[PDB]
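Trainee: So I pulled this structure from the PDB, and the sequence comes with it:
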Amino acid sequence: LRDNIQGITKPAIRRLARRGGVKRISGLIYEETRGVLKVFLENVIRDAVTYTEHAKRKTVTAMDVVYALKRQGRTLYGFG
Amino acid sequence: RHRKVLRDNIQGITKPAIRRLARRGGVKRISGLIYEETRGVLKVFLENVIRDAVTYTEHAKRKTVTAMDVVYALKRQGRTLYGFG
Amino acid sequence: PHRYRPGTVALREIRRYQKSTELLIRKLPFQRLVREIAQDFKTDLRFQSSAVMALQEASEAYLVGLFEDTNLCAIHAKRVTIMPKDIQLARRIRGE
Amino acid sequence: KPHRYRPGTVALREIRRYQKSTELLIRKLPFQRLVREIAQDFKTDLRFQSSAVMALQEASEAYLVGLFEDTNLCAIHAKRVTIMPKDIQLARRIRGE
Amino acid sequence: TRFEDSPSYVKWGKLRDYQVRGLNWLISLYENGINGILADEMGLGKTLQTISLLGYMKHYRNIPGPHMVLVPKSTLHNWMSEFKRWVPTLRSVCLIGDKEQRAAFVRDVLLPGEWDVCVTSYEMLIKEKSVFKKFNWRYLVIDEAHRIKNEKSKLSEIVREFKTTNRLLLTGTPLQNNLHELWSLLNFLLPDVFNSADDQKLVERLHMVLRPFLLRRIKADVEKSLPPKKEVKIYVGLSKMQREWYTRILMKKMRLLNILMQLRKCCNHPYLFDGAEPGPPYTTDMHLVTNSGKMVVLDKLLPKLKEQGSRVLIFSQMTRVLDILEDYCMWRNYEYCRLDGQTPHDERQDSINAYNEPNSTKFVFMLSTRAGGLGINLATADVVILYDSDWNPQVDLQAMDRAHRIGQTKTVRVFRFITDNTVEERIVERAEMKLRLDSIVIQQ
Amino acid sequence: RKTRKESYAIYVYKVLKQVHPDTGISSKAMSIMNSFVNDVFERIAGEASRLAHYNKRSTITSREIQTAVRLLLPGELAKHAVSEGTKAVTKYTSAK
Amino acid sequence: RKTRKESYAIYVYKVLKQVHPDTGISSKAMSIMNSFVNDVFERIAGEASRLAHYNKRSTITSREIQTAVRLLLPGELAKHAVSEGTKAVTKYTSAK
Amino acid sequence: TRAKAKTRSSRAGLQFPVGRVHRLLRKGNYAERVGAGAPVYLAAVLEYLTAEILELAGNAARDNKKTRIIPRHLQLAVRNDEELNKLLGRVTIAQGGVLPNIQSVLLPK
Amino acid sequence: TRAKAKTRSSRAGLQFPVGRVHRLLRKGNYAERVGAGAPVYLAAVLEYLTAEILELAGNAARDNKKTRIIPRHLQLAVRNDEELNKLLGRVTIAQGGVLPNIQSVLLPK
DNA sequence: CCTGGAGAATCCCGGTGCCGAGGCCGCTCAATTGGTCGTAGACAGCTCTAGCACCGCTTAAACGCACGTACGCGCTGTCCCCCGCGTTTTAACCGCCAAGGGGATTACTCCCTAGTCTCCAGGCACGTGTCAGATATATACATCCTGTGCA
DNA sequence: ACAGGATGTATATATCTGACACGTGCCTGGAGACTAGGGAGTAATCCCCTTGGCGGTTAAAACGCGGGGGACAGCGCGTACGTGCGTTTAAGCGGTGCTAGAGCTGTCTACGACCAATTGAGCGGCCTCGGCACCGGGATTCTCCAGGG
Ligand SMILES: Nc1ncnc2c1ncn2[C@@H]1O[C@H](COP(=O)(O)OP(=O)(O)OP(=O)(O)O)[C@@H](O)[C@H]1O
């Protein structure tokens, strides 16, 4: 797998910005958004993989993701 | 008859003190309206911390607020203080 | 031929997307991105579908909040358009 | 004729001086009176240890210094040099208070 | 065992038998190497004895070496005037001022060492401790010895860190609260002797051990002047508003931490409080007099003293009582004099002597209970009025005998107004306990 | 059958029928409510545990729960929750 | 005689002698180091407790401590700390 | 003999399981001992908070011309009340969305 | 007879109190059972963190030329280091001051 | 510079299918009841430390004031960059099927940990002396700022 | 663009002091040695759920183009803030006096843990039906020229 951060298309970043409430978006915003998304995802995925390794599983579970998010301070309601 | 209120204790913290705080922060020019806002912000922060500390002291059944109570309240608020317990 | 002014469609889309509640990123590209990021920490992982859905939900929420703070910064700087420097200021004041 | 420093050099030297120093900047007795007046609201006939007021003062100084740092960042973002109440409010809003 | 007449080196010296014998006693104490306490209350005078002692040490065997006198700032120019009057041979130097004045004075006078006697105050002593320690001291005189009555006090520690060959304590009331402070004074006198803290176990043993190195005479049985005092305690029941204020405070927003302190000055004037005062100062009128029982008592006593001497006294314990009484004095078109820490020192001190006049026709002189110093030649006073009593009977004794100078040849009167069913009764009970302890331990 | 999974779902449904008699809930909303209840339980219990440790005690009691509620809930919610808990303890003591 | 208090001061001073022979510490700095050790202990122990509860086990072990260290520390510290702890347990199991 | 088993929830008049809360407290490792009234207090608090949020959610769902509470209604209820927002300030609700707000500058002249 | 008592810290080559850590784990309400190697692991990790911070603080103190360590040196060591800054990001060190930094825009030119 | 049409966009409104919400049933495991015991904690008594209130003196800090100067804040002009829209391409989405990996469960065994007792040595409170840090004092240096010639 | 002066600041030296490092005595908790029991390791089995392929449909993304609005720089002004000075004030340090209240001991009791028997409350599984989603058609509303006001 390679070059999959580009799958986060410009229309999707525009839709997220529109939900945020922004009207005008500069051209350099998209690379910055891809970077910040990658950093956040990497933190959460590392913590989830640590939980999964402790459980000695090979499958990452919704509970693992929720526990990682709770550790980060970003509690998620709905999946467990 | 010579008796009147002295001052208000939020005015006890002063413009030069706030200027020194801003200098430590890294500020060069300060607007004139900054001081009332800083007094309000400080009042809010102290209100929250003192409320939590008074709750801890009430649970312990004491009438004296201790440094341990203040440290526990600050840890509750997410502002851990090292150097008092 | 009828043509809208630059900003009517943006406001209509703002209302539409702030009314809706669905995910705003493509599920398969997000899933491939998650698998790619997981490739580094451990080889040959498996994922439940709910795990990928939860990750996508959290990512959407984080980006939405960040964009809201960025919009506040841009309005503060007497602008309408958001910029990378706006995002960076938002992150720095958040605590990253 | 008397020597006069231009408007902004004494401020910079004060910045350096107070960033090198370590002691507390608010006055002890005014701060203690403020703490007692605030405690009056929640409970009457309260005593305070000496260490309690000092810990409170340390926390207040740290909080205000960090807030002014973020305020300066906002003011520079707006291409000003002066800080404003709107800068303070933006800092608080982004931090989440 | 010394000269029975006046020394040949003292000018205008009219010291009497008690003074010459005390000088001989101090001389003999120096000869035997024992440091003592001169416990003459007020009348015999101890400044004269100290000056004569130093003059003896100078004009006899050659020890004009460094000597130190510690006096409060209220008596500095008084001591300088006494030194220049009685024995002008000594070159006393007065050490007062801020950092730059202190530096100039020390560098230009103290370091060259042309001086003979250094007179300073306790505060300047603490300020210049380090520069003082270098000089080897031959004779250290501490006036008002009850200042160092408490061990682990900064003045006591500093004065012990000095290297003094001889020591001397001056105090008019050696005992104030208990035997521990007296032991502290004895420890400063001779640290190597009274290392341990400890009517047959007490009183008599202390009297016997104090006799070798303590001397105390009584103005009545020595001077034969100063006619005795008739003391009257007038019991005044507080009026209805005062009683209800007392109850509403005792049973109960406003801060009430120290119940004892807050209940106290309430009998004196219930309007010193903050937030409990009546409306804003619309005018100065009959609000102060009528609303306090002690105020109505003093106000009804005043016309008698006016139709009579009208130069009597005022004594109270609170600066706010002092201020409200000042306002009352101005409202009643009377004139007073003010002595307090807030008023500039050097200029108040000469103002006191200036106001000392054969005739004033001003009917009022107002003093605080502790503001009284060591001078104040109010021989014009006739009665001492105590608004309230303090915990220490010694403070009240100092306040009452401040107006009992010899300038006073007529019998002085002591008037006390006492509030029933209040804390004044206990305060009086403690005070009389302490006074009885002091009397049995010293006078008996 | 499969293993059992505890949930607060039936109690949440009963409370819902108490407040709005003619309304229903979806499975996702019930999952959210179950998570909310677990979160609040965790916060209150952890705060009470820390209180018991600080006071050098070994029992969790109604005083500890009340102090935790005062510390965690803001303002009006704290007032009303303390009132409700006191009422429930009174009823349990009387009807025991 | 005053009651006793348990502090990490002796061990902190030993480590200071080990890492800087001719250097000292002050009382306030020692209090800060004591608070720091207490705080890190609380964080690691709480993470281990929650891990054991998640996996439905009643015993905290070296696996739980290792995972808690990996979760709470940022990167290089985590790697070096894992090496340290593994070395310590190896030496402990070697003959004891 | 023995009386009919009366649940402690019915004894306290609660809709939440007092016995289950007691067991969760005992097996949660919060303290060595658990008092009798602590589960009752905790169940009452949980009931009050649940009733509050469900009342707000029901009103929101009614305003939308629906009779099933969905995460959108829960999110609107939580974010439109300041105390519940402060309680749930760090919490993300799945399929919730955001509150409609547009900053007044962006609105056309 | 009995063998001479060797401390578990000595057995594991540590300068931290393994037995005290074990007692704290058992009385801190973290689980029902505690392993043998868990206190050893935790003591070693605490030792590593303490050694790291003390080394950095001693270097800072030597830079300022003081042979004693003060909270100012502790704060200077904790900042100027990314890993320890992440660890103690939300911790206030009493009388430790602030890092010297002035924004370049304010600098005169 | 305000109206008035066009023209998209949105809302409203009726009808059709579907699938998840709500009810019902059987079963079993967790909560209730009853009885016993042993410890946590409530309560009273006593000690002595630390907090509260006040005064006196010194001096650093705060406060009020005057002057000028950068600095914030409108205004204007340029132009470039982003938005709105039509078109083409690409890949997501959806349904279906097949196959195996790995999560989940159960039974069995044994090894590790808790619980006790004994005793002894590490660690803590207390006391003490000396050295590192604070302070003062007079160089030496560095930095700012304005003024004068001649760039 | 430099000279010189006037601030301020870093450096080197001498004194003094109070806090730190060390020592000593004592005691309470940790180690050494044993027991027993249940929690976790291990193996084996089942089945479900994840991955992987495959084809068709269609929405969504990529691409290009034109134009208008907003960013950004420049300029001017007039005002509010920095700087320095002289006057006032109250903070900080030292003392005093007192007492509440925190902290430790002793004692007993009532409350929670524990165990056994019992039973009904809740959970999984199942069926069914009304609320919701979608759809198309018509009515209302917002936006943008263009034009005669
Ligand atoms: N020149 C003098 N002639 C006679 N008696 C004198 C003289 N000077 C002092 N005294 C005595 O001293 C008494 C009080 O004088 P003064 O006020 O100077 O004393 P003092 O120094 O305040 O005393 P102390 O501090 O020892 O109580 C007089 O009543 C008198 O007995």
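Mentor: In hand now; what should we look at? Numbers count the residues shown, from 1 in each chain, chains lettered A, B, ... in the order given.

Trainee: Pull the contacting residues for residue C:33.
Mentor: A:4, A:5, A:7, A:8, A:41 (Cβ atoms under 8 Å, 6 or more residues apart in numbering or on different chains). (Each C-beta comes from the backbone N, C-alpha and C, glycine too.)

Trainee: again, 7 Å this time
Mentor: A:4, A:5, A:7 (Cβ atoms under 7 Å, 6 or more residues apart in numbering or on different chains).

Trainee: was I right about the last one contacting residue C:32?
Mentor: Yes - with contacts defined as Cβ atoms under 7 Å, residue A:7 counts as touching residue C:32 at a distance of 6.3 Å.

Trainee: quick one on the thing from earlier: among the contacts of residue C:33, find me the one that's closest to chain I.
Mentor: residue A:5 (24.4 Å; Cβ to the nearest Cβ).

Trainee: check which helix or strand covers the closest residue to the closest one other than its chain neighbours.
Mentor: Leaving out its chain neighbours, the residue that sits closest to residue A:5 by Cβ to Cβ, 6 or more residues apart in numbering or on different chains is residue A:34, at 5.1 Å. Assigned by DSSP states H and E, residue A:34 belongs to helix A:29-55.

Trainee: Which elements pack onto that helix?
Mentor: helix A:10-20, strand A:59-60, helix A:62-72, helix C:27-41, helix C:49-76, helix C:84-94, helix G:62-72 (3 or more Cβ pairs under 7 Å, 6 or more residues apart in numbering or on different chains; DSSP states H and E).

Trainee: Is that helix in proximity to DNA strand K?
Mentor: No - Helix A:29-55 is not in contact with DNA strand K by Cβ under 7 Å from any atom of the strand; minimum separation 9.5 Å.

Trainee: Ok, stretch C:15-34 next?
Mentor: Yes - judged by Cβ under 7 Å from any atom of the strand, stretch C:15-34 and DNA strand K are in contact via residue C:26.

Trainee: There's contact between the residue nearest to residue A:5 and residue A:8 in this structure, I believe.
Mentor: Yes - counting by Cβ under 7 Å, residue A:34 does reach residue A:8; the two are 5.8 Å apart.

Trainee: and the two? which has more neighbours close in?
Mentor: When residue A:34 and residue A:8 are compared for neighbours, residue A:8 comes out ahead with 22 against 16, by other Cβ atoms under 10 Å in any protein chain shown.

Trainee: sorry, back to before: got the helices and strands packed on helix A:29-55 as JSON lines, with distance to residue E:326 columns?
Mentor: Output for those, formatted as JSON lines (distance: least, Cβ to Cβ, whole Å):
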{"stretch": "helix A:10-20", "distance to residue E:326": "69"}
{"stretch": "strand A:59-60", "distance to residue E:326": "84"}
{"stretch": "helix A:62-72", "distance to residue E:326": "68"}
{"stretch": "helix C:27-41", "distance to residue E:326": "82"}
{"stretch": "helix C:49-76", "distance to residue E:326": "58"}
{"stretch": "helix C:84-94", "distance to residue E:326": "57"}
{"stretch": "helix G:62-72", "distance to residue E:326": "68"}
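
Trainee: Which stretches in chain F count as strands?
Mentor: F:24-25, F:59-60 (DSSP state E).

Trainee: what's the closest of those to residue E:360?
Mentor: Smallest distance to residue E:360 across these (Cβ to Cβ): 76.6 Å, for strand F:59-60.

Trainee: do the lengthiest helix in chain F and chain C meet?
Mentor: Ranked by residue count and defined by DSSP state H, the top helix of chain F is helix F:27-54. No - Helix F:27-54 stays clear of chain C (Cβ under 7 Å from any Cβ of the partner chain), getting no nearer than 10.8 Å.
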